[PDB]
Each structure stands twice: as structure tokens, then as C-alpha cells.
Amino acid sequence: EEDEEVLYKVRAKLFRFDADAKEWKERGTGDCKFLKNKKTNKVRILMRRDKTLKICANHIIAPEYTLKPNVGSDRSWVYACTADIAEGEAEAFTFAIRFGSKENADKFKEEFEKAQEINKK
């Protein structure tokens, strides 16, 4: 993270969808960061857990991704991620990310789209 600029930082809880168990499973709580690589100007999401600082999200904010509402929440986004490396080997996930408030979720969407436009260049 030393080669990266911090574009946006917000406290969040991240879930991944378990298709087997038909339920949302928490993956981490802590600071969600949008990091711009000084070398490639590519913006990733990097999220670390409170206390342990373990990575629960590490993926490019792909221009192709779309934030959708969750039926249950006015302060969460659901999106498909095709390549997250938090736990090592690149894996596809259905993520949900929830914030402290609607304002935080709206602001996140704003930054996430700004990052998508940077990643398009």
C-alpha cells in the first residue's frame, strides 16, 4: 500500500454470498480503502479487518461492475467481483458492502464510479 494514494476511506462491513447455504456470510469489518497505484493509476478496493488487519477485499474496481441495492437495506451495495485475491488465488464472489448510513453508501457509490472512470483510461 506504500506505492498507492488513498482516494477514499470509509468504515464498512463486507459480506460474500454463499449459494450453497443460500445466505450472506460476513467476510470482514473495518476500513474500506480505494487505493490508486502511483505506477499504473489503477484504483483497487483494499479492505482490512479490525484488530487482526487481515485482508477481506482486494480487487480492481472494474469499469464493468454495477452496484445494485439489497432488498433489506438503504445503506448497502451488492456487486459481482470476478477476481478478488483477499484469501490468495483469484476467486469470483457476489459481494455486499454495508455502511454506517445511507449518506456513506451514496458517497461510496459516487467514489466507486469516479474510480471506474479512472480505471477506463
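Counting begins at 1, following the sequence as shown.
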Got a sec? Mean C-alpha B-factor, which is higher, 85 to 93 or 54 to 62? 85 to 93
Using only the Cα atoms and their B-factors as the entry lists them, report which of 36 to 44 and 74 to 82 averages higher. 36 to 44
CA B-factor ranking of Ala19, expressed as a third of its chain: highest
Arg98's Cα B-factor: lowest, middle or highest third of the chain? lowest
Looking at the temperature factor on the CA atom of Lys107, which third of the chain's modelled residues does it land in? highest
